[PDB]
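**Q** This is the structure, below, for whatever I ask next.
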Amino acid sequence: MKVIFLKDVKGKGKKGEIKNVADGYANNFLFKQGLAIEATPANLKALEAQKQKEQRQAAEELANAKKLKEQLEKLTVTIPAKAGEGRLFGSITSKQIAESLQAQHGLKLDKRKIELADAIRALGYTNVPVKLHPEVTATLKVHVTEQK
Amino acid sequence: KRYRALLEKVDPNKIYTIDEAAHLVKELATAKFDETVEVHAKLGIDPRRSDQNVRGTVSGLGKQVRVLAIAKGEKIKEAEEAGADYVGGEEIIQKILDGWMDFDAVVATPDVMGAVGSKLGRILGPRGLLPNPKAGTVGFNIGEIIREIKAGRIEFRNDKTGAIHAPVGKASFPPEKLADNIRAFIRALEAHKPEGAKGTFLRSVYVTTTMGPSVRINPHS
Amino acid sequence: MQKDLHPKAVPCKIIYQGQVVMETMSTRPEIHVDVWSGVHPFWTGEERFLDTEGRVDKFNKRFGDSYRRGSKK
RNA sequence: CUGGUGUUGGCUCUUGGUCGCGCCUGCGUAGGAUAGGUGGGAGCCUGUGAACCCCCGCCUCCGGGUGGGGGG
RNA sequence: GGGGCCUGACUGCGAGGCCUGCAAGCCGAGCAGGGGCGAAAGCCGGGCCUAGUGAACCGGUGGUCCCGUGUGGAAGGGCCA
């Protein structure tokens, strides 16, 4: 019995789970029910197919990432605000980061991103380790100044 | 210590060859003086029916083979003069069990063999000292048997539980000689096999040196 | 022809008879019965070209039901 | 009427055999047995280098261990 | 009726007759290999006889090494018992 999983066997792992839930048994209960299919050259294919597709997705984004990755990693974080002689009067929220970086340098990057104890306020040269893609991101250089 | 040493030198699941195994037996018994090597193994048969009893001899002795003569009187005399060496009676039997073992070969005069098989069965049946009949060592011609001992035979005979054994390699006799007699025994016993006996003959076959490590081998090499 | 199995044919033929064996294991045999009988599998529920139900039996079943060759489920 | 089999699927509770492995373990009355027995003898003269001999207490009649303390 | 060693109460065979509708059944000198009893002439092919019995098949088992369904094997079979 080529048990083609569409969920459980435990709870729902509809991933590469063809079990021998034998004959009319697994047969009727399980898929009559409606929680998967029998090999079906059509579905052995299926599985290899949609899996492939997700693979394209994954590696792919790895790439979108990397491109934006090296480019930014290279560039310089330029941000102008107001203050006194150390920390701006209105705190730096990388929210502000995005607004700015995208707004002026051109690239589109999150907010929930980056890594931040919190808002900073002691100007210019301080760098931010900024998460970007799940296993690689960019620790980058940020400079802000009171354009005064 | 003495033995964890040895214990790591051999393995927990492998059947080496006769010459090779030999090299390891010596590898293991550095012990005092020298540790006699023997062969010990399992006979797929059954002892509760005299029919399978695998015993007799296999083929070094000489005019050197000191012999004991187990008899009750006239036979004490006969063994004596014939040319025994240590003659006596059930008394000699009790001394052998107590702490005496000098004789090389032992003969018994068919009127004390019960004694020979039960007091010292477990005194003579290891190295071979329990008067063996159609194996020149028991008979009203105790003198005759003691006279013949020499030629170069070392016996063997299945113990009640199925294992047979004896001396197949001095821990010093060349690994080649170790392989030599280990093999020869393979032959003598292998053949000795009892008639009404099926299944699989040689079960577990091992070699070693009395006190110490025991290696299982393939008596086919 | 209302007993068969849609996918293939399996009803009929079938002639039994008993004896009193004991043969190739020393000495011959002996012949008895002379009867004929039925012999088949089992049917169940599915549908074709707007309802129908099906029937068929065991074997074919596990099959055509798993799939379908001239109707469906 | 009745064992196996078929579409007669899930969940858990359970006692049986079997071979394998892993360590257990006794009684034919000082020559018929020592912790059975055959290969031995109780070590053919012996083994981690922590309880070594003397000494309490802990585990299926006990050694496997036992905590040691002790130690020519 | 006793003692002595011994076992032919053997194979391969039997020329030729008894009784016979059938198959049976029964008998036997001599011939060959191979023994046993005696010195040997010779007897010994169960027994003092006439009852102690039975087809053909159907199967077993101890030899054969004939047949072996492509040939090399073997299931299986033919023959001896």
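Chain labels run A, B, ... following the order of the structure tokens; each chain numbers its residues from 1, and ligands are numbered from 1 in the order shown.
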Using the chain letters and numbers from this document, which residues of chain C does DSSP assign to helix (DSSP H, G or I), as a PDB file with C-alpha atoms, in the first residue's frame?

**A**
```
ATOM      1  CA  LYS C  58     -13.146  -7.808  -4.693  1.00  0.00           C
ATOM      2  CA  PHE C  59     -10.250  -7.995  -7.038  1.00  0.00           C
ATOM      3  CA  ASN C  60     -11.303  -5.924 -10.027  1.00  0.00           C
ATOM      4  CA  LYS C  61     -12.598  -3.730  -7.268  1.00  0.00           C
ATOM      5  CA  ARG C  62      -9.452  -2.892  -5.349  1.00  0.00           C
ATOM      6  CA  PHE C  63      -8.498  -2.054  -8.925  1.00  0.00           C
ATOM      7  CA  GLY C  64     -11.060  -0.017 -10.910  1.00  0.00           C
ATOM      8  CA  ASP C  65     -12.172   1.645  -7.767  1.00  0.00           C
ATOM      9  CA  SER C  66      -8.649   2.671  -6.980  1.00  0.00           C
TER      10      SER C  66
END
```

**Q** Near residue 128 (chain A), within 8 Å and counting only C-alpha atoms (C1' of nucleotides), which residues show up once chain neighbours fewer than 4 positions away are dropped, as a list in words?

**A**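 Skipping anything fewer than 4 positions along the chain leaves residues 114, 115, 116, 139, 140, 141 and 142 of chain A.
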
**Q** As a compact mmCIF listing (two decimals) with C-alpha atoms, in the first residue's frame, please: all residues of chain A that backbone DSSP puts in strand (DSSP E or B).

**A**
```
# COMPACT_ATOMS: atom_id res chain seq x y z
CA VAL A 3 0.22 5.58 1.34
CA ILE A 4 0.46 9.08 -0.09
CA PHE A 5 0.29 11.40 2.90
CA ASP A 8 -0.79 13.39 9.73
CA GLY A 11 -0.37 15.16 13.23
CA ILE A 18 3.93 7.65 2.08
CA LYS A 19 3.29 4.92 4.70
CA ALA A 36 -4.05 12.30 0.49
CA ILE A 37 -3.68 9.82 -2.57
CA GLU A 38 -2.09 6.50 -3.79
CA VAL A 77 24.21 54.46 5.89
CA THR A 78 23.64 58.22 5.58
CA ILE A 79 21.16 59.78 8.04
CA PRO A 80 20.56 63.45 8.97
CA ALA A 81 18.58 64.51 12.08
CA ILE A 92 16.68 57.07 15.96
CA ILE A 120 19.98 55.00 19.34
CA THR A 126 27.76 53.28 15.02
CA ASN A 127 26.92 50.16 12.94
CA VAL A 128 23.90 47.86 13.13
CA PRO A 129 23.93 44.14 12.79
CA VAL A 130 20.79 43.94 10.68
CA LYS A 131 19.09 40.63 10.03
CA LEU A 132 17.85 40.44 6.44
CA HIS A 133 17.43 36.80 5.21
CA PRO A 134 17.11 33.78 7.67
CA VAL A 136 22.62 35.63 6.30
CA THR A 137 21.95 39.33 6.78
CA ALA A 138 24.10 42.45 6.82
CA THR A 139 26.03 43.95 9.70
CA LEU A 140 26.41 47.46 8.34
CA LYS A 141 27.81 50.91 8.94
CA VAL A 142 25.44 53.64 10.02
CA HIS A 143 26.23 57.23 10.40
CA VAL A 144 23.89 59.96 11.52
CA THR A 145 24.50 63.50 12.34
CA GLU A 146 22.73 66.58 13.62
```

**Q** Neighbouring residues of residue 3 (chain C) were defined as those with any atom within 12 Å, considering only C-alpha atoms (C1' of nucleotides); residues of the same chain fewer than 5 positions away were excluded. Please report them as a list in words.

**A** residues 8, 9, 10, 11, 12, 38, 39, 40, 41, 42, 43, 54, 55, 56 and 57 of chain C

**Q** Keeping only C-alpha atoms, take the residues you just selected and write them out as a PDB file, in the first residue's frame.

**A**
```pdb
ATOM      1  CA  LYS C   8     -14.029  -8.949 -15.884  1.00  0.00           C
ATOM      2  CA  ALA C   9     -15.915 -12.174 -15.457  1.00  0.00           C
ATOM      3  CA  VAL C  10     -15.743 -14.479 -12.451  1.00  0.00           C
ATOM      4  CA  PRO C  11     -18.901 -16.571 -11.827  1.00  0.00           C
ATOM      5  CA  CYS C  12     -19.328 -20.268 -12.632  1.00  0.00           C
ATOM      6  CA  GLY C  38     -20.686 -22.002  -7.203  1.00  0.00           C
ATOM      7  CA  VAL C  39     -17.547 -19.869  -6.383  1.00  0.00           C
ATOM      8  CA  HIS C  40     -17.016 -16.002  -6.382  1.00  0.00           C
ATOM      9  CA  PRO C  41     -15.789 -12.798  -4.619  1.00  0.00           C
ATOM     10  CA  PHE C  42     -17.696  -9.748  -3.318  1.00  0.00           C
ATOM     11  CA  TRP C  43     -19.406  -6.501  -4.490  1.00  0.00           C
ATOM     12  CA  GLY C  54     -21.668  -0.659  -9.666  1.00  0.00           C
ATOM     13  CA  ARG C  55     -21.407  -3.959  -7.811  1.00  0.00           C
ATOM     14  CA  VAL C  56     -18.305  -5.793  -9.262  1.00  0.00           C
ATOM     15  CA  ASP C  57     -16.112  -7.804  -7.004  1.00  0.00           C
TER      16      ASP C  57
END
```

**Q** Applying 12 Å and only C-alpha atoms (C1' of nucleotides), which residues near residue 58 (chain E) remain after dropping the ones on its own chain fewer than 2 positions away? List them as JSON, numbers by chain.

**A** {"C": [23, 26, 27, 28, 29, 30], "E": [56, 60]}

**Q** Could you turn the residues from that selection into a file that holds N, CA and C atoms (P, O5', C5', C4', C3', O3' and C1' of nucleotides), as a PDB file, in the first residue's frame?

**A**
```
ATOM      1  N   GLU C  23      -0.854 -41.233  -0.585  1.00  0.00           N
ATOM      2  CA  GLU C  23      -0.292 -41.638  -1.891  1.00  0.00           C
ATOM      3  C   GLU C  23       1.264 -41.669  -2.014  1.00  0.00           C
ATOM      4  N   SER C  26       3.988 -43.667   0.091  1.00  0.00           N
ATOM      5  CA  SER C  26       3.775 -45.111   0.204  1.00  0.00           C
ATOM      6  C   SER C  26       2.355 -45.593  -0.043  1.00  0.00           C
ATOM      7  N   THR C  27       2.097 -46.100  -1.255  1.00  0.00           N
ATOM      8  CA  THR C  27       0.798 -46.653  -1.691  1.00  0.00           C
ATOM      9  C   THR C  27      -0.145 -45.608  -2.361  1.00  0.00           C
ATOM     10  N   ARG C  28      -0.997 -46.045  -3.304  1.00  0.00           N
ATOM     11  CA  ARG C  28      -1.891 -45.155  -4.081  1.00  0.00           C
ATOM     12  C   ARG C  28      -3.073 -44.376  -3.504  1.00  0.00           C
ATOM     13  N   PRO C  29      -4.021 -43.961  -4.367  1.00  0.00           N
ATOM     14  CA  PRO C  29      -5.134 -43.209  -3.788  1.00  0.00           C
ATOM     15  C   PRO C  29      -6.524 -43.781  -4.095  1.00  0.00           C
ATOM     16  N   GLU C  30      -7.568 -43.013  -3.748  1.00  0.00           N
ATOM     17  CA  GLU C  30      -8.973 -43.388  -3.967  1.00  0.00           C
ATOM     18  C   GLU C  30      -9.931 -42.221  -4.159  1.00  0.00           C
TER      19      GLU C  30
ATOM     20  P     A E  56       0.933 -64.284  -9.581  1.00  0.00           P
ATOM     21  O5'   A E  56      -0.019 -63.104 -10.054  1.00  0.00           O
ATOM     22  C5'   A E  56      -0.322 -62.964 -11.435  1.00  0.00           C
ATOM     23  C4'   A E  56      -1.122 -61.703 -11.708  1.00  0.00           C
ATOM     24  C3'   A E  56      -0.624 -60.333 -11.227  1.00  0.00           C
ATOM     25  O3'   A E  56       0.446 -59.789 -12.054  1.00  0.00           O
ATOM     26  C1'   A E  56      -2.962 -60.542 -10.855  1.00  0.00           C
ATOM     27  P     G E  60       6.439 -47.779  -3.602  1.00  0.00           P
ATOM     28  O5'   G E  60       6.986 -48.138  -2.166  1.00  0.00           O
ATOM     29  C5'   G E  60       6.449 -47.490  -1.036  1.00  0.00           C
ATOM     30  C4'   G E  60       7.040 -48.095   0.176  1.00  0.00           C
ATOM     31  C3'   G E  60       8.532 -48.219   0.006  1.00  0.00           C
ATOM     32  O3'   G E  60       9.142 -47.056   0.498  1.00  0.00           O
ATOM     33  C1'   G E  60       7.650 -50.282   0.660  1.00  0.00           C
TER      34        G E  60
END
```

**Q** Pull out every residue of chain D that has at least one atom within 12 Å of chain C, counting only C-alpha atoms (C1' of nucleotides), and report them as a PyMOL selection string.

**A** chain D and resi 5-7

**Q** Take the residues just selected and output them with N, CA and C atoms (P, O5', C5', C4', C3', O3' and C1' of nucleotides) as a PDB file, in the first residue's frame.

**A**
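Okay, again.pdb is ready:
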```pdb
ATOM      1  P     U D   5      -5.906 -15.104   8.684  1.00  0.00           P
ATOM      2  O5'   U D   5      -6.407 -15.654   7.292  1.00  0.00           O
ATOM      3  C5'   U D   5      -5.554 -15.678   6.177  1.00  0.00           C
ATOM      4  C4'   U D   5      -6.355 -15.283   5.006  1.00  0.00           C
ATOM      5  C3'   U D   5      -6.967 -13.918   5.217  1.00  0.00           C
ATOM      6  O3'   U D   5      -6.126 -12.871   4.812  1.00  0.00           O
ATOM      7  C1'   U D   5      -8.606 -15.411   4.412  1.00  0.00           C
ATOM      8  P     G D   6      -6.635 -11.365   4.994  1.00  0.00           P
ATOM      9  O5'   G D   6      -7.776 -11.213   3.903  1.00  0.00           O
ATOM     10  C5'   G D   6      -7.453 -10.872   2.574  1.00  0.00           C
ATOM     11  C4'   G D   6      -8.715 -10.706   1.812  1.00  0.00           C
ATOM     12  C3'   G D   6      -9.554  -9.595   2.377  1.00  0.00           C
ATOM     13  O3'   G D   6      -9.074  -8.369   1.862  1.00  0.00           O
ATOM     14  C1'   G D   6     -10.926 -11.477   1.994  1.00  0.00           C
ATOM     15  P     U D   7      -8.595  -7.236   2.872  1.00  0.00           P
ATOM     16  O5'   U D   7      -9.809  -6.217   2.968  1.00  0.00           O
ATOM     17  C5'   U D   7      -9.839  -5.052   2.155  1.00  0.00           C
ATOM     18  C4'   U D   7     -11.245  -4.803   1.657  1.00  0.00           C
ATOM     19  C3'   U D   7     -12.218  -4.375   2.730  1.00  0.00           C
ATOM     20  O3'   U D   7     -12.228  -3.017   2.975  1.00  0.00           O
ATOM     21  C1'   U D   7     -13.173  -6.153   1.628  1.00  0.00           C
TER      22        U D   7
END
```

**Q** Dump as a PyMOL selection string the residues of chain D that approach chain B to within 9 Å, counting only C-alpha atoms (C1' of nucleotides).

**A** chain D and resi 31-32+37-41+43-44+47-49

**Q** Please provide as a PyMOL selection string all residues within 12 Å of residue 76 (chain E), with the sequence filter that same-chain residues fewer than 4 positions apart are discarded (counting only C-alpha atoms (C1' of nucleotides)).

**A** (chain C and resi 24) or (chain E and resi 67-69)

**Q** Identify every residue of chain D that has at least one atom within 10 Å of any atom of chain A, counting only C-alpha atoms (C1' of nucleotides), and report the result as a list in words.

**A** residues 7, 8, 9 and 10 of chain D

**Q** Those same residues, written as a PDB file, in the first residue's frame with N, CA and C atoms (P, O5', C5', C4', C3', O3' and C1' of nucleotides)?

**A**
```
ATOM      1  P     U D   7      -8.595  -7.236   2.872  1.00  0.00           P
ATOM      2  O5'   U D   7      -9.809  -6.217   2.968  1.00  0.00           O
ATOM      3  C5'   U D   7      -9.839  -5.052   2.155  1.00  0.00           C
ATOM      4  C4'   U D   7     -11.245  -4.803   1.657  1.00  0.00           C
ATOM      5  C3'   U D   7     -12.218  -4.375   2.730  1.00  0.00           C
ATOM      6  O3'   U D   7     -12.228  -3.017   2.975  1.00  0.00           O
ATOM      7  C1'   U D   7     -13.173  -6.153   1.628  1.00  0.00           C
ATOM      8  P     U D   8     -13.073  -2.500   4.197  1.00  0.00           P
ATOM      9  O5'   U D   8     -12.632  -3.510   5.343  1.00  0.00           O
ATOM     10  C5'   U D   8     -13.389  -4.683   5.654  1.00  0.00           C
ATOM     11  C4'   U D   8     -13.031  -5.156   7.047  1.00  0.00           C
ATOM     12  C3'   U D   8     -11.640  -5.762   7.267  1.00  0.00           C
ATOM     13  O3'   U D   8     -10.720  -4.684   7.503  1.00  0.00           O
ATOM     14  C1'   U D   8     -13.335  -6.829   8.588  1.00  0.00           C
ATOM     15  P     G D   9      -9.327  -4.549   6.684  1.00  0.00           P
ATOM     16  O5'   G D   9      -8.849  -3.043   7.068  1.00  0.00           O
ATOM     17  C5'   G D   9      -8.460  -2.664   8.433  1.00  0.00           C
ATOM     18  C4'   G D   9      -8.660  -1.156   8.725  1.00  0.00           C
ATOM     19  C3'   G D   9      -7.949  -0.700   9.994  1.00  0.00           C
ATOM     20  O3'   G D   9      -6.628  -0.288   9.727  1.00  0.00           O
ATOM     21  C1'   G D   9     -10.193   0.005  10.132  1.00  0.00           C
ATOM     22  P     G D  10      -5.568  -0.213  10.928  1.00  0.00           P
ATOM     23  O5'   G D  10      -6.286   0.658  12.076  1.00  0.00           O
ATOM     24  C5'   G D  10      -6.321   2.098  11.975  1.00  0.00           C
ATOM     25  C4'   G D  10      -6.673   2.800  13.299  1.00  0.00           C
ATOM     26  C3'   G D  10      -5.869   2.607  14.577  1.00  0.00           C
ATOM     27  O3'   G D  10      -4.605   3.273  14.567  1.00  0.00           O
ATOM     28  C1'   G D  10      -8.172   2.885  15.123  1.00  0.00           C
TER      29        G D  10
END
```

**Q** My list of candidates is C:48, C:19, C:2, C:72. Which is closest to residue 32 (chain C) when distances are computed with only C-alpha atoms?

**A**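 Nearest candidate to residue 32 (chain C) out of C:48, C:19, C:2, C:72: C:19.
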
**Q** Name the residues in contact with residue 29 (chain E) at a cut-off of 10 Å, using only C-alpha atoms (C1' of nucleotides), excluding same-chain residues fewer than 5 positions from it; report them as a PyMOL selection string.

**A** chain E and resi 14-16
